[PDB]
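Asks: Structure provided below as structure tokens; questions to follow.
All of this is worked out from the model, or read from it or from the source named; these are not laboratory values. Backbone-built Cβ (ideal geometry, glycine too); neighbour counts: all protein chains shown.
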Amino acid sequence: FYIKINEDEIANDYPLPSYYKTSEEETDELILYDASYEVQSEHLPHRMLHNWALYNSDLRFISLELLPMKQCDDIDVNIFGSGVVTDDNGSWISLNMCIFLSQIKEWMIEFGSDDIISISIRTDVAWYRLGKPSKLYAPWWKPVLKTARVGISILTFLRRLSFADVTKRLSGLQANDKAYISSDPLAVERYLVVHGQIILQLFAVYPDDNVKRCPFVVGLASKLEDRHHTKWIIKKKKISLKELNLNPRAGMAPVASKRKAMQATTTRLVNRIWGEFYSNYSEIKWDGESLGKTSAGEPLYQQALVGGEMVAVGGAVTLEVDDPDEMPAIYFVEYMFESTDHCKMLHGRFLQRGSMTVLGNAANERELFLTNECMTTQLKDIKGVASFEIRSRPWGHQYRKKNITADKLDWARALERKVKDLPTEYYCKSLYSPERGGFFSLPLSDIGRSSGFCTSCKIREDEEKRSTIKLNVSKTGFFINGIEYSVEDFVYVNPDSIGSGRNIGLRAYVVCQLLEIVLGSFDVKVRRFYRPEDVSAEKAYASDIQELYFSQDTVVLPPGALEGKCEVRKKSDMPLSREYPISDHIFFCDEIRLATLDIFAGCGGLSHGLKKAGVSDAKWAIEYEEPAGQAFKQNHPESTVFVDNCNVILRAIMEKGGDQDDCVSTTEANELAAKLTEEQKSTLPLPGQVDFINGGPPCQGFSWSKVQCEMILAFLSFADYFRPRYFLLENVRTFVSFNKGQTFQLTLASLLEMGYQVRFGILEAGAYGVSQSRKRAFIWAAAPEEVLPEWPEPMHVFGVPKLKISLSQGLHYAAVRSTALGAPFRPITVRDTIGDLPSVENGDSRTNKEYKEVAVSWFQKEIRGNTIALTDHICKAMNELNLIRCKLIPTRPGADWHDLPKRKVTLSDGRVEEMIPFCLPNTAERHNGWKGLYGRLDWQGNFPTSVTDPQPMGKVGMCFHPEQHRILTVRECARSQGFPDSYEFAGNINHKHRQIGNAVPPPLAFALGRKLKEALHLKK
Ligand SMILES: Nc1ncnc2c1ncn2[C@@H]1O[C@H](CSCC[C@H](N)C(=O)O)[C@@H](O)[C@H]1O
Ligand SMILES: [Zn+2]
């Protein structure tokens, strides 16, 4: 009989589960060898194996101790392996063609000198001496050696004793020794009894016979019986080679891997900026006569002499503040007058330094920014004057060279002005606004008027007047938060003020009608409306998004419970344009289009939304992979899609433009560009024909030699070269936190240096109509003569706190308000998205089908439309074990692998495997019990983060249909993102899943495009 210890006992000494991966094809083991008649355990050939790796059927790394150390027939556990086979040669270990094996039968250890051990593996075909292991399998090999150490040392001590004495004598040795185990006797006893087979074989293999008869070995053999284990039998039968290879990867063609990255081709400006950053950081009198009088009669002047220095409107003065180590502040003066007290007042606006802004250390040293804050002081004492000027340059792609030629010269002067120890001359080009989070354009007509009227002061006074509730003269309305409320209006009330499962139980705005009025010493009495969700979930599922019900409930509230105004219309006259997502606060009860250029196009969700908005038409495109380019061509036939690498399309464009000296490129880029034919070269766009550039580079990760392949430098170079009237950048939420946010600051600095007005924001798509949580970072950029678009207003309640970008000096900016408190419309659940699709079986492959059930939900109605050809309703396939595991998970929400019963299942192939997929170590740092794996969804919940590859092998997460025992299909994943049912995808299932995963929800792009159209309609 043989005693085999279960993996749970030794799991405490082994790391967390990890799965085997490879990229090179292998050959079957049985092919190489003859597989002759039955022979003894010695006649098999002896060879060595390097780079070994052992795993179970699930391709999960397993320990060597799971293999019996003697000959047994009814082996209940099957372990497979891989490596490289070489001719045998004597090589020991003391202290420091690819081939996958068949089922592994046994392992044997032999002892040599005082510190010489050897291990070998026997299969049904031949022996294999053991060598160096793989880098991934190293952690699973350390304990096996460690226990061996525990043996070796104690042997040197045996040269007639009880069992506890050796334990207490071992518990006292210091932790610095290589044989240290633990000081607690219980721990040393447990470890000694849990790895008893290895040291038992070591004792039984020793040349000396006296050690074999020590009571230690028999006592340990007796005590091995108590705990969890299994029992086998021992026999010396002749092994038969008649078998077939049963490796899980008998087929399993290698997955594409090692997609190499190369240096990006850029222009001079962007490369210069990023490289420069990363190389170093990784007697007072008046002048003239009076010009007028203020509102109170104070005469105003325009010029003064202070200590010999000249002060005038448009200059800059310096004050004094505490902490003298800090530099003094700068104030741009607006007007200076004389008061009734025969004193000289002045009014100034603070000019912030770049280093205190969002840019941080990436900001320009000589660039100051106008601020909203302003103050008045006395002209009597001012540290001094400072050189200052407002910079304004013409816009266009034809001035670019000129705009460059001056800059160096300017910088040259600065360098000289730093060499000669002269005061630095500052400048201001834009207006920094942290309260809006952006660098807007200077209102040149409203600054330095010397009239006694200050625009910023009036704005602050109006804002102070705002939020102060005051009654109206007619006693029928009031003014609160800038809103003029009156009788017979419709108002929003917070749900609390009225007496995954992230959004479960979340309510929305309560719509009420003002009844009457009962500083601020009054209250409001209003009526009550009801929502379909207030009845049942079924009623809310099959009802319009804007439906409402009437009730006669009247209630009185303080004026602070109102959030805005809404409109209620009869069910006979609507705007007649069912736009989606909705942007108009309306309920019911009863010639500007610009030529664009899409970079990193993908499938084209963003381009689809922008075109649907009406401000874009995809006249050109750039992609990398064939299936994505084919899909983009299919969906947008009029676009001229370029499939060749983008990093060389820029080189081709520059070469066509005759400025090859202003484009740094690799040697391969020139050869690739020269290989293009004549039609594609003639189709390339030229500067001046592009008025919109959008796209998102794939820069995700956590130094100059590495950040030169981020793929965003090429995007910045494209924007610099073409100089469109508008620019859009999109990336992941964590884009503003890579390398402590250095890349985001650098992108902002480059955009400012080119000359745009930029603004940034983190937007959650779930509040705009989609049913999937997805947060993205967006950057808008506009020309100085245009108007930067405003951020769209979310309309759906979704539970997520305010997503704030961290400014400098403890400041946060939130682009949009958090919609968890309330919103006009309810969120979208799982059943509202993919409920109507017909059921499919596991591993379906029919691309074209026919719809079976009519649309019920508002989302289904708005996303189906009139198409009658179901496309890409296919899902991946599971093997026997995975399908059986899937079938055992209940349909309740929140289910995971914790509900899988503990047992072993024999497959039809002829293998026995454990049902439990993982063996986590007890008393370890396994967060939340590894929940979420093998998990179903919820009908009323929301979709989790979309994975680019939901894989049915190994560690499979929450990607299961709530009812059917399968994985979600391609069409369901597309629908969860808001993609219209008429959209087309190309490639195999993996490529389509990757295409859908990387796509941006079309509704968000439509909202951004609508805001851009509103901005464009206002330039006049
Ligand atoms: N060097 C490169 N040149 C061109 N395309 C690239 C690229 N590296 C990645 N891509 C492609 O750019 C895309 C990144 S995700 C962009 C998705 C797109 N904005 C949408 O809304 O659908 C992927 O399709 C990726 O394959
Ligand atoms: Zn002012």
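Asks: Select from the stretch 353-366 the residues that are surrounded by fewer than 18 Cβ atoms within 10 Å (Cβ to Cβ) and either closer than 11 Å to residue 809 by Cβ or of a type in the set (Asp, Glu) (or both) and list them in ascending order.
Replies: 355, 356, 365, listed by residue number.
Asks: Here is a follow-up. How many residues are surrounded by 16 or more Cβ atoms within 10 Å (Cβ to Cβ) and in contact with a helix residue (DSSP H, G or I) (Cβ under 8 Å, 6 or more places away or on another chain) if we restrict to the stretch 110-139?
Replies: Residues in the stretch 110-139 being surrounded by 16 or more Cβ atoms within 10 Å (Cβ to Cβ) and in contact with a helix residue (DSSP H, G or I) (Cβ under 8 Å, 6 or more places away or on another chain): 5 in total.
Asks: Residue 487 - would you say it is surrounded by fewer than 18 Cβ atoms within 10 Å (Cβ to Cβ), farther than 28 Å from residue 296 by Cβ, more than 40 Å from the chain's Cα centre (by Cα) and not assigned by TED's automatic domain parsing to the domain that holds residue 546?
Replies: Numbers: surrounded by fewer than 18 Cβ atoms within 10 Å (Cβ to Cβ): yes; farther than 28 Å from residue 296 by Cβ: yes; more than 40 Å from the chain's Cα centre (by Cα): yes; not assigned by TED's automatic domain parsing to the domain that holds residue 546: no.
So residue 487 fails the test.
Asks: Step by step: first the residues of the stretch 367-391, then only those that are out of contact with any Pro (no Cβ under 8 Å at 6 or more places or on another chain) and of a type in the set (S, T, N, Q), then the one that is nearest to ligand 2 (Cβ to nearest atom). Which residue is that? Reasoning before the result, please.
Replies: As a first pass, look at the stretch 367-391 and keep what is out of contact with any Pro (no Cβ under 8 Å at 6 or more places or on another chain): 367-382, 384-385, 388-391.
Pick out the ones that are also of a type in the set (S, T, N, Q) and you get 371-372, 376-378.
Numbers: 371: 11, 372: 9, 376: 8, 377: 12, 378: 16 Å.
The qualifying residue nearest to ligand 2 (Cβ to nearest atom) is 376.
Asks: Out of everything in the stretch 602-635 that is surrounded by fewer than 21 Cβ atoms within 10 Å (Cβ to Cβ) and assigned to a loop (DSSP other than H, G, I, E, B), what residue ends up being farthest from ligand 2 (Cβ to nearest atom)?
Replies: My answer is 625.
Asks: When residue 787 is evaluated against the numbered criteria (1) assigned to a helix (DSSP H, G or I); (2) surrounded by 17 or more Cβ atoms within 10 Å (Cβ to Cβ), which criterion, by number, is the only one it fails?
Replies: (1)
Asks: Do any strands (runs of 3 or more DSSP E) entirely within the stretch 679-773 hold 2 or more residues that are more than 16 Å from ligand 1 (Cβ to nearest atom) and within 21 Å of the chain's Cα centre (by Cα), and if so, which? Before the answer, list the steps.
Replies: Values: elements: 692-695, 726-732, 757-764.
By residue number, 757-764.
Asks: In addition: Please give the strands (runs of 3 or more DSSP E) falling wholly within the stretch 10-123 in which 2 or more residues are hydroxyl-bearing (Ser, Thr, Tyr).
Replies: 80-87, 117-123
Asks: Exactly one of these conditions fails for residue 443: (1) surrounded by 11 or more Cβ atoms within 10 Å (Cβ to Cβ); (2) within 16 Å of ligand 2 (Cβ to nearest atom). Give me its number.
Replies: Checking residue 443 against (1) surrounded by 11 or more Cβ atoms within 10 Å (Cβ to Cβ); (2) within 16 Å of ligand 2 (Cβ to nearest atom), the one that fails is (1).
Asks: Are there any pairs, at least 6 apart or on different chains, whose C-beta atoms fall under 8 Å, with the first in the stretch 895-921 and of a type in the set (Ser, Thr, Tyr) and the second not in a loop (DSSP other than H, G, I, E, B), and if so, which?
Replies: Sorted first by the residue in the stretch 895-921, then by its partner, the pairs are 906/912; 908/880.
Asks: If only one of 534, 523 is out of contact with any helix residue (DSSP H, G or I) (no Cβ under 8 Å at 6 or more places or on another chain) and of a type in the set (D, E, K, R), which one is it?
Replies: Values: 523 fails: out of contact with any helix residue (DSSP H, G or I) (no Cβ under 8 Å at 6 or more places or on another chain).
Only one candidate passes the filter, namely 534.
Asks: State whether one or more residues within the stretch 591-611 are over 20 Å from residue 1004 (Cα atoms) and over 36 Å from the mean Cα position of the chain (by Cα).
Replies: Yes, some residue in the stretch 591-611 is over 20 Å from residue 1004 (Cα atoms) and over 36 Å from the mean Cα position of the chain (by Cα).
Asks: State the number of residues belonging to the stretch 334-371 that are outside any strand (DSSP E or B) and not hydrophobic (A, V, I, L, M, F, W, C).
Replies: Summing the residues that are outside any strand (DSSP E or B) and not hydrophobic (A, V, I, L, M, F, W, C) in the stretch 334-371 gives 12.
Asks: Quickly run through the stretch 848-861 and pick out the residues that are in contact with a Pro (Cβ under 9 Å, 6 or more places away or on another chain) and crowded, with 16+ Cβ neighbours inside 10 Å.
Replies: Across the stretch 848-861, the qualifying residues are 849, 851.
Asks: Given the condition away from ligand 2 (no atom under 16 Å from the Cβ) and assigned to a strand (DSSP E or B), answer yes or no: does some residue in the stretch 459-474 qualify?
Replies: Yes, some residue in the stretch 459-474 is away from ligand 2 (no atom under 16 Å from the Cβ) and assigned to a strand (DSSP E or B).
Asks: Take the residues of the stretch 301-344 that are among the charged types (D, E, K, R) and exposed (fewer than 15 other Cβ atoms within 10 Å of the Cβ): which is nearest to residue 390 (Cα to Cα)?
Replies: 309
Conditions (1) within 16 Å of ligand 1 (Cβ to nearest atom); (2) of a type in the set (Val, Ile, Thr); (3) surrounded by 14 or more Cβ atoms within 10 Å (Cβ to Cβ); (4) under 30 Å from residue 711 (Cα atoms), marked per residue:
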{"site": "499", "(1), (2), (3), (4)": "no, no, no, no"}
{"site": "508", "(1), (2), (3), (4)": "no, no, yes, no"}
{"site": "547", "(1), (2), (3), (4)": "no, no, yes, no"}
{"site": "565", "(1), (2), (3), (4)": "no, no, yes, no"}
{"site": "597", "(1), (2), (3), (4)": "yes, no, yes, yes"}
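Asks: Being surrounded by 15 or more Cβ atoms within 10 Å (Cβ to Cβ) and in a helix (DSSP H, G or I) is the requirement here; does residue 456 meet it?
Replies: Criteria met by residue 456.
Asks: Which condition does residue 994 not pass, out of (1) within 16 Å of ligand 1 (Cβ to nearest atom); (2) in contact with a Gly (Cβ under 7 Å, 6 or more places away or on another chain); (3) closer than 30 Å to residue 879 by Cβ; (4) not small (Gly, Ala, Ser), if it passes all the others?
Replies: (2)
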